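Have a look at the structure below, then the notes.
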Amino acid sequence: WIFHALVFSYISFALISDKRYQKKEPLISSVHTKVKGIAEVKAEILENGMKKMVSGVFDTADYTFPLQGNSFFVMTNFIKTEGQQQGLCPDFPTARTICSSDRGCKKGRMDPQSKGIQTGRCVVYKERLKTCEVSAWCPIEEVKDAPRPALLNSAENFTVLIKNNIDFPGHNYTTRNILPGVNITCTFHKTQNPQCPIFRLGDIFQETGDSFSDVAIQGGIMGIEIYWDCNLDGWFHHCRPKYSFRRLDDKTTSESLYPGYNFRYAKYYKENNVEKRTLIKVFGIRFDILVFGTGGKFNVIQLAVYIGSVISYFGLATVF
Amino acid sequence: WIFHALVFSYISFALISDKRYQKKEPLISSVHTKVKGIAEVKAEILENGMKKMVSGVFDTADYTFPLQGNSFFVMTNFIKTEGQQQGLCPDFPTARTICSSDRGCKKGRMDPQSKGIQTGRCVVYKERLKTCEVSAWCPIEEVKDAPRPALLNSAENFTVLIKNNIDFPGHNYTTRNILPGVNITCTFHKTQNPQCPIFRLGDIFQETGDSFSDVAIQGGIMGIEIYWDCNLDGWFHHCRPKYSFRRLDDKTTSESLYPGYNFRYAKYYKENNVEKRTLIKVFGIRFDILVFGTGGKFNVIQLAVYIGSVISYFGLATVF
Amino acid sequence: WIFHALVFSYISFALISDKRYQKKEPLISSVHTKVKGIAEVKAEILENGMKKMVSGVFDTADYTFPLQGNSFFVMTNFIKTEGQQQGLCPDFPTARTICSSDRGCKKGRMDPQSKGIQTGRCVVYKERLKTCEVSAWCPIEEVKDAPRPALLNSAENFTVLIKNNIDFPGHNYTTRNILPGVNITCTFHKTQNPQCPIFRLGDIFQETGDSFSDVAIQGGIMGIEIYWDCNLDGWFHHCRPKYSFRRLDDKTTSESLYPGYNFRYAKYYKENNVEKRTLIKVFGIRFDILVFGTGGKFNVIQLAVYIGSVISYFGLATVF
Ligand SMILES: C[C@@H]1c2nnn(-c3ncc(F)cn3)c2CCN1C(=O)c1cccc(C(F)(F)F)c1Cl
Ligand SMILES: C[C@@H]1c2nnn(-c3ncc(F)cn3)c2CCN1C(=O)c1cccc(C(F)(F)F)c1Cl
Ligand SMILES: C[C@@H]1c2nnn(-c3ncc(F)cn3)c2CCN1C(=O)c1cccc(C(F)(F)F)c1Cl
Ligand SMILES: *[C@@H]1O[C@H](CO)[C@@H](O)[C@H](O)[C@H]1NC(C)=O
Ligand SMILES: *[C@@H]1O[C@H](CO)[C@@H](O)[C@H](O)[C@H]1NC(C)=O
Ligand SMILES: *[C@@H]1O[C@H](CO)[C@@H](O)[C@H](O)[C@H]1NC(C)=O
Ligand SMILES: *[C@@H]1O[C@H](CO)[C@@H](O)[C@H](O)[C@H]1NC(C)=O
Ligand SMILES: *[C@@H]1O[C@H](CO)[C@@H](O)[C@H](O)[C@H]1NC(C)=O
Ligand SMILES: *[C@@H]1O[C@H](CO)[C@@H](O)[C@H](O)[C@H]1NC(C)=O
């Protein structure tokens, strides 16, 4: 007869822990972010074998874009090429693009590593070096790695404020990330301040486990997961978020898979009645905000179904 | 023996109402929107203590961007500053940025309310007023409230057409929000026309409960929830959407939390061989389209499981 | 007594096939795409009744934008209008905008098919043709169809590489689309190579069922569904994706519903100290990446609940 009570105790433990008496429903989320911080860029680079100085001040309008699709982008490094115009120009000296005569490459060939339409004419590029010219924007962008000191390294000091509004459409419940009457002067901490939504990017990378400088050198992808485990029952009601960080970057470190996060941005203008384009290769950090959760509310039908499923179980337990 | 029939009646009530005989599947959605309307802007503003006239016509290409991430943006107000260039300039007179001598502020200090790198030199700004200069884009943008009459108030008359395509991957079912052979000349109404997807922004604000002018003064965020409650069984098949509107804005009304929705847009160009930037502080309404739903189809396994779980229930009910 | 074994056989059938012993949890996805390919555009068009030649080379920075909201856009056709400035100009000759005298149209009228504010003055447009002028950007963009040969037809030869990172937050499981030590030189095939994520757009349209030329003529919307059916149990562990393609475009083919996918892009500049705008009507293909799935792991509670639910079932089966 002791088993008759042990089974009932296990049933009660299951009902309490698993919350089998509640209907659980998914979450509908909306995110709004604001990034603040200014960076003083001052460095020296080598463009086309010539030393150049990059100096300036970047404010919020110079390194980011408004949030779109629960994600915002923070720019950290750039390579600029100015004065490009459509025409004919030799390709960059490379093993695939090198030639000794015009027969080395054929007209109309398209190479994956090239940004021009080949025309088959091996012209001298520089210092008795011959490459076969292509029809594209000229001059061809120099193939170089990102600067070894990150240009916008101070971006590790920027602060992002996140507002999350969640709704459970089946129930009549909607709430927000920032409750009224809460401090707005915060720097997020795992234990000291786990609820104020102001995050520091360097702190995010510190908790996750990487170094901000190395990632910002070639860009990357990170994600801020906001988990909502909400109990909406009147007796025990609690609906608060939990913040975690996870690097979504693949860390391929292989040139064939395009490691890191980067893209190309184009600005078109006119000079001396000639159309021109300037190309900025931008390396940055892409922050995703993955908001997930569920909400449970008491339901009579679910409780009845669970009790019915348990009734035969403990009946057999008594019988056996 | 009457309880033996009452339990069975409740059994059938639960089975019919809760649809316990149906496997339920989430929804995969795709949204495509088109916003139309032109606004004639004509007003007078005060920039740097001087009266200026803003007059023009804004078409679809001048106040919105293509939909990205199930959300589109509608511009409603702006503050323009043209002719900025990198250099040294005094900051705007403010309690934090004010000084009587050069010792008031230190070089290299960064202030959250300032957009420049401080250099520590208290120079005259205007009319025997001294502030310590910073290195940034100059002249520093004037911090002022949005114009009391909303510039793009006529944006309340714009019309948005929404096309939603939903799919249930587990089942072989996909459908669209606009069925064939339906009127395309519509203005959405709660009761008169609840299925045609052409919405008027002013009407959205009217059903939601706010006023378009006040929200458009400082921006805001709304969400157009499209709920799909679809029964895919052949006997009783119905898959139609229901439209609701909900304001996702936090309505903080506190300057520390950045009330409303706004951002900064930058346009870079060259003038007299000098690089320059023009900055537009844009206030607008961000419309989100939260599409959620589920689809249920008859499943033998679910029906068998429910019947088995309730068999012990009514057996005990008869026994007791 | 044979039924006593048949019921148990169906019991095992349901438990094995339906995986009723597993707790199933949804998926959290992050997508990162890279599109490559250059198109040599060379064609002749008719603008304002005059023959013009469009020739150039488009690289990755000239026909696409960085991925935002699990979707990327590839431009395929464009119509350019340059030199627009704010002012008064007659509208395009149309049945709605035609007039014989100034009384034909009234000042301030807003027509849906026009992009200007009517001022009520029927002036000559061209060759003894009278339309009433409007205040807007001038000259009014010509109402013409897209060029019959798609300008960026070669966009069917572009290649897109997709990296998907999925996480099951409830369990301690995260994985990626590209496993280590796998070939990166691929062209996706239904049977020959179903796991390498390099897709050719022409191949996507071939598997889906349409022709790339017709779709690219007026634009369209497509979706690449990545389905993750993952079993995380140690005995039988497999978590691999399956790729499918589906056209999300409505295919309305009715002018009132705006068939295809297109938008208007604006570039603002200054010429001779006069503000000017150039408008590009862009037709392109919007690729969506709908990632969905679920992950199941063994749970004792679910197994106990299913066993309790089915115990009464087979008990009645024996009794009956
Ligand atoms: C136009 C060019 C540009 N175009 N897009 N874009 C961009 N990229 C990615 C984004 F997420 C947002 N914005 C930028 C960045 C700033 N840009 C600048 O010229 C610039 C501005 C300030 C200071 C300096 C300095 F320090 F070098 F002198 C420069 Cl060079
Ligand atoms: C370049 C500047 C600009 N840059 N971005 N942008 C923008 N902002 C947010 C978006 F969602 C989309 N587009 C705008 C708006 C229009 N712009 C204008 O100059 C302009 C155009 C027409 C009429 C007038 C008028 F009435 F003032 F004379 C002006 Cl001032
Ligand atoms: C500025 C203008 C422009 N502005 N935005 N934009 C755009 N649209 C949609 C996107 F998804 C991304 N980018 C474009 C495309 C290229 N553009 C060009 O001028 C251009 C460039 C190269 C060759 C030629 C050629 F062949 F005609 F000579 C031209 Cl005409
Ligand atoms: C970030 O700020 C701290 C002080 O708040 C400063 O010591 C540090 O140098 C800054 N980071 C960079 C990259 O300059
Ligand atoms: C915020 O925190 C400060 C100290 O960090 C504390 O003195 C203050 O009471 C808190 N609340 C408000 C509203 O400032
Ligand atoms: C919107 O249109 C109505 C007429 O359709 C007009 O009376 C009203 O003034 C317009 N709104 C604004 C802000 O002008
Ligand atoms: C659309 O509505 C009008 C009146 O609002 C009605 O006369 C017409 O029959 C409806 N259907 C179509 C296809 O126009
Ligand atoms: C795409 O490439 C193939 C060869 O790889 C070529 O035959 C075809 O003409 C190209 N497509 C277009 C539209 O030129
Ligand atoms: C890739 O495929 C080629 C042939 O398609 C094969 O020879 C090679 O072994 C594969 N793996 C690698 C790593 O190249």
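Nothing in this text is a laboratory measurement; each read-out follows from the coordinates by a stated rule. Positions of Cβ are generated from backbone atoms using ideal geometry, with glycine treated the same way; all protein chains shown enter the neighbour counts.
Starting from the Cα of B:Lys297, draw a straight line to each of the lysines and keep only those under 23 Å, dropping any in the same chain fewer than 8 residues away. B:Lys297 reaches A:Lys23, A:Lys24, B:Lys19, B:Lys23, B:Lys24, B:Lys242, C:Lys19, C:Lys23, C:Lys24.
With all pairs of different C-alpha atoms in the average, the Kirkwood value for the hydrodynamic radius of the range B:55-110 is 16.3 Å. Plainly put, the tip 7 Å out from Cα toward Cβ on A:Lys276 is 1.7, 1.7 nm from that tip on each other copy, the closest given first. Note down the net charge around C:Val124, summing +1 for each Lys or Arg and -1 for each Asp or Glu among other residues with Cβ under 12 Å from its Cβ. After counting each charged neighbour, the total is +2. Here A:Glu127 and C:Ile184 are evaluated by their C-beta separation; at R0 = 41 Å the FRET efficiency comes out at 0.75. Each copy carries C:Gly83; placing its label point 7 Å along the C-beta direction from Cα gives inter-copy distances of 3.0, 3.0 nm, listed from smallest up. Label sites at B:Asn299 and C:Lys36, each approximated as a point 7 angstrom past Cα along Cα to Cβ, lie 4.3 nm apart.
Length gained on full extension, B:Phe320 to B:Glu47, computed as 0.36 nm times the residue gap minus the Cα-Cα distance: 89.9 nm.
Shielding value for C:310-320 is 6, the average number of Cβ atoms from other chains within 10 Å of each residue's Cβ. Averaged over peptide A:111-124, the number of partner chain Cβ atoms lying within 10 Å of each residue's Cβ comes to 2.
For the pair C:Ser55 and C:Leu88, label points projected 7 Å from Cα toward Cβ lie 4.2 nm apart. The order of A:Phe320, B:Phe8, going from fewest to most other C-beta atoms within 10 Å of their C-beta, is A:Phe320, B:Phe8. Considering only chain C, the C-beta nearest to the rotation axis that sends C to B is found at C:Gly69, 2, the distance in whole Å.
Within chain A, the whole DSSP H helices whose Cα atoms reach 15 Å or more along their own axis and whose mean Kyte-Doolittle score is at least -0.5 are A:2-18, A:300-319. If contacts are Cα pairs under 8 angstrom and at least 6 residues apart, what is the relative contact order of chain A in percent? In percent, rounded to a whole number, it is 24. Using a Gaussian network model of chain B in which every pair of alpha carbons under 10 angstrom is joined by a spring, one finds that among B:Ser244, B:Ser135, B:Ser100 the greatest mean-square fluctuation is at B:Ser100.
For chain C, with a Gaussian network of springs between Cα atoms less than 10 Å apart, report the residue from C:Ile166, C:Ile38, C:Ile307 with the top mean-square fluctuation. Maximum fluctuation in the GNM of chain C, among the listed residues, is at C:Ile307.
Both numbers refer to the Cα atoms of the range A:215-295; Rg and Dmax are 21.4, 75 Å.
Under the Kirkwood approximation for Rh and a Cα-based Rg, what ratio Rg/Rh is obtained for the protein assembly as shown?
Reported Rg/Rh, Kirkwood definition of Rh: 0.99.
Out of C:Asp250, C:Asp18, C:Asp288, any idea which swings most in a Gaussian network model of chain C, alpha carbons joined below 10 Å? Among C:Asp250, C:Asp18, C:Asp288, the largest mean-square fluctuation in the Gaussian network model of chain C belongs to C:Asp18.
When each of A:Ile98, C:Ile289 is scored by the number of other beta-carbon atoms lying within 10 Å, the sequence from fewest to most is A:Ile98, C:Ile289.
For A:221-233, what's the mean count of beta carbons from other chains sitting within 10 Å of each residue's beta carbon? Working shown, then result.
Numbers: counts 4, 1, 4, 0, 3, 0, 2, 0, 0, 0, 0, 0, 0.
If you average over the peptide's residues, the count of other-chain Cβ atoms is 1.
The smallest convex shape that holds all Cα atoms of the range A:39-148, its convex hull, gives 153 Å³ per residue. Among rounded, prolate and oblate, which fits chain A when a ≥ b ≥ c are the square roots of the eigenvalues of its C-alpha gyration tensor, a/c under 1.5 means rounded, and a/b larger than b/c means prolate? Note, shape of chain A comes out prolate.
Under the combined filter of DSSP loop state and at most 14 neighbouring Cβ atoms within 10 Å, the range C:91-146 retains these GluC sites (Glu not before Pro): C:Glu127, C:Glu142. Taking each of A:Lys80/B:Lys126; C:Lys126/C:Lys281; B:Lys52/B:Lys270 in turn, the alpha-carbon distance tops 31 angstrom for A:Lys80/B:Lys126. A simple count of charges around C:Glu82, restricted to other residues whose Cβ falls under 13 Å of its Cβ and scoring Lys, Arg +1 and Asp, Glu -1, yields +2. Projecting 7 Å from Cα along the Cα-to-Cβ direction, the label point of C:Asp229 sits 3.1, 3.2 nm from its equivalents in the other copies, listed shortest first.
By other beta-carbon atoms within 10 Å, ranking A:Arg128, B:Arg103, C:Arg264, A:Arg286 with the fewest at the front produces A:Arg128, B:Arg103, C:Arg264, A:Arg286.
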